[PDB]
Amino acid sequence: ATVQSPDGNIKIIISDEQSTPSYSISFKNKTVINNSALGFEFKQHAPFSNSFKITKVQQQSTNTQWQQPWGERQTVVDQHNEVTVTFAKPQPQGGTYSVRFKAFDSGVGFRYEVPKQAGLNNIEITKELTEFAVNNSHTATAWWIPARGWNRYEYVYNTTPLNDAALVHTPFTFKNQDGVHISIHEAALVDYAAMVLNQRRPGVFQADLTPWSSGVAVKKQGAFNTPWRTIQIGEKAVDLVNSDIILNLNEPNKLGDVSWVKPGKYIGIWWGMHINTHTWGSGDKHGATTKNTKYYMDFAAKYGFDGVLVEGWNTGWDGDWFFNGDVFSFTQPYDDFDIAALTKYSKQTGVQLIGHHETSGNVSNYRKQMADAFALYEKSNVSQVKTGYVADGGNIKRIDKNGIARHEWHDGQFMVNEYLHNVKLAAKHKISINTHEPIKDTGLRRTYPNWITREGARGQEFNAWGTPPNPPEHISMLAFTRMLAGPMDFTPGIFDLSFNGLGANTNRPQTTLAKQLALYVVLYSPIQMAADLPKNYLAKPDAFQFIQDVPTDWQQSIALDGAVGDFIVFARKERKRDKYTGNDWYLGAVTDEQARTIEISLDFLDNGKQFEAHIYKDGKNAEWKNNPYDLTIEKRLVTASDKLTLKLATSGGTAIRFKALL
Ligand SMILES: C[C@H]1O[C@H](O[C@H]2[C@H](O)[C@@H](O)[C@@H](O[C@H]3[C@H](O)[C@@H](O)[C@@H](O)O[C@@H]3CO)O[C@@H]2CO)[C@H](O)[C@@H](O)[C@@H]1N[C@H]1C=C(CO)[C@@H](O)[C@H](O)[C@H]1O
Ligand SMILES: [Ca+2]
Ligand SMILES: [Cl-]
Ligand SMILES: [Cl-]
Ligand SMILES: [Mg+2]
């Protein structure tokens with residue numbers, strides 16, 4: 001059986017001649033994915049492996065478009081060809097299952113659909129046999145983070161030969177020697193275990209499902225489907241970025257009117273704890289006080305921020321909070337945090353309190369208080385909540401039905417369901433969720449638009465204490481790996497880079513100032529933090545103007561140019577909403593450890609319109625180690641027929657507002 005992308009360049013052949021059912025993929029008539037197995041092993045049920053034959057193929061196709069409530073673009077086009085391939089094995093130990101393939105011009109998605117059948121009752125998947133056999137893996141290059149490690153998704157990316165990527169998280173991005181870029185991920189991860197990729201024979205990446213503590217991967221009753229497995233394929237690195245395949249593979253919005261989900265910018269009592277000017281726990285340096293929160297709300301009201309995150313407001317942080325998962329209260333504030341007073345102040349100032357639920361990994365203590373916690377927040381005019389699950393890999397703590405503690409993975413079926421329960425319950429309170437230490441993004445924001453963002457990668461916080469901090473190449477790695485999954489709460493915008501000293505050997509963002517501004521356009525998120533202490537913004541008001549101006553919701557986005565681990569350039573057009581007319585374009589560019597010159601056409605600008613470019617760029621002598629603050633801000637009239645030369649300093653960047661005139 002064969003299905004092809006609409007343009008014909010991606011061709012998938014589904015076969016039953018190998019020991020198992022299998023598939024392979026060519027791009028422009030060169031094989032990029034060799035014969036790759038399909039099937040399942042179960043704890044008790046007989047396997048779905050060899051001796052299955054194709055009995056039926058059903059072809060259909062889609063050419064439609066839909067509108068996002070918020071996002072990186074307003075209109076999403078869905079054009080694909082589809083085939084459902086049915087496999088059957090005769091008894092004894094027979095069975096049937098289908099695999100549905102969707103072929104887009106930018107990649108392919110497939111999932112298993114196992115129908116109701118005799119003897120398929122309570123089953124436990126112990127292995128998914130799905131492979132991704134990369135052709136010519138010995139000359140391919142990969143950029144990846146390890147899976148099943150103690151620090152979850154929070155690793156810097158490795159640059160290695162593909163054959164050295166032994167056990168990896170997704171999105172898993174690599175290029176072959178032809179320069180074709182490929183990224184493997186999944187979409188609509190619901191009631192199932194996350195897929196890790198386990199390289200078996202060289203180049204053969206086998207699905208490795210993150211298990212329950214008991215050892216099985218997925219518990220199902222009767223007929224079931226898997227999430228989608230996704231393979232993005234493009235001639236250029238930016239072709240991976242500019243695809244909507246992850247969103248297109250998710251179910252449509254199930255929450256109805258979601259106008260109560262508000263993209264915007266926020267600040268927080270937050271960074272001070274990370275740089276040790278404040279504590280989460282009580283005492284003379286406690287961050288979360290009524291006085292401090294009101295001071296931040298005043299700043300937010302004056303400078304155009306929608307909300308103030310406050311961490312450490314609830315009892316349970318005293319001592320070593322990493323170990324306090326059992327004792328956190330999610331309803332009882334510290335005595336110096338007056339939530340009724342701050343509720344009144346929120347209405348006075350128009351600035352909202354952003355809630356915070358850190359679990360330190362104990363999800364049962366959170367679950368038992370969750371309904372009361374969200375009721376308190378709804379009563380308190382809180383519309384967004386940041387959640388947290390700080391614990392080492394495999395050390396989520398739950399209490400089972402018999403009162404016995406079990407350790408689970410953040411990305412097993414148990415936690416996959418636990419996260420979605422939190423999001424769905426929050427939606428009943430008109431609360432949106434920003435998940436730290438999350439499950440990776442698989443596009444579920446389409447189905448549940450209050451799941452607005454997540455961390456799930458090393459963000460700005462590792463630049464306060466990472467030892468080492470994020471390297472100069474980190475952003476240009478994220479853009480082609482983590483950011484392919486969906487929005488990230490990176491908390492950009494650190495203006496004081498000197499709190500630990502300058503140079504290359506201290507814990508600090510290893511970037512220039514202009515690169516911090518560029519992050520607001522390079523790293524998409526519907527909520528963007530201005531992460532620094534307010535006084536540090538007041539010290540640099542001209543630079544701060546870009547953060548005040550920049551939107552977080554876009555009617556269109558285009559990655560114009562880039563290379564994994566080297567650089568990326570984004571142009572985005574603001575969505576018409578709130579103060580934003582919908583006429584301005586924005587650009588952000590960042591580089592890695594190397595200074596880079598990038599030539600950019602401005603032909604993304606609307607034809608026949610005049611713009612005033614407000615350009616924030618590295619100064620002539622800027623360099624991140626000892627001269628990160630040199631900055632030039634320039635105004636220049638431009639139209640779509642003009643061009644720009646970006647001159648990025650070492651770990652530098654450029655941010656531009658293209659202000660539409662009249
Ligand atoms: C807050 C942060 O905690 C976790 O990271 C911490 C490590 O678990 C600690 O072992 C500790 O080790 C670092 C050392 O400073 C240094 O010796 C280095 O060599 O190794 C470690 C760096 O990996 O320090 C870390 C921070 O204290 C956890 O992994 C991380 O994701 C947590 N971030 C969330 C927690 C809070 C509180 O709710 C929020 O403020 C953040 O925004 C969250 O993302
Ligand atoms: Ca974190
Ligand atoms: Cl994580
Ligand atoms: Cl960084
Ligand atoms: Mg590089």
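Quick note: numbers below take in every heavy atom, side chains included, and nothing from hydrogens, waters or symmetry partners. Ligands are counted one by one from 1 in listed order, and the atoms in each one are counted from 1 as well. If you read the sequence from its start, that first residue is 1, and numbering goes on from there.
For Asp618 and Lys647, the salt-bridge test fails: no basic side-chain N is under 4.0 Å from an acidic carboxylate O. For the pair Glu311 and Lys386, the salt-bridge criterion is met [side-chain N within less than 4.0 Å of a carboxylate O].
Between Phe544 and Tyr537, the ring planes lie parallel to each other; the angle is under 30°, not in the 30° to 60° tilted range. In this structure, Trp451 and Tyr419 have tilted ring planes: the angle between them lies in the 30° to 60° band. Note: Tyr157 and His474 have tilted aromatic rings, judged against thresholds of 30 and 60 degrees for the angle between ring planes. Ring geometry for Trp313 versus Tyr377: interplanar angle of 30 to 60°, hence tilted. Classification of the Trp465-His274 ring pair by plane angle, with boundaries at 30° and 60°, yields parallel.
Note on the Mg ion (ligand 5): protein N, O or S atoms under 2.8 Å away count 3, no waters included.
A donor-acceptor pair shorter than 3.5 Å can be found between the side chains of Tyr366 and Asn422.
Other residues, nucleotides and ligands place no more than 12 heavy atoms under 6.0 Å from the CD atom of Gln177.
Shown here are the protein N/O/S atoms lying under 3.0 Å from the Ca ion (ligand 2), water excluded: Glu154 OE2, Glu437 OE2, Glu455 OE1, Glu461 OE2.
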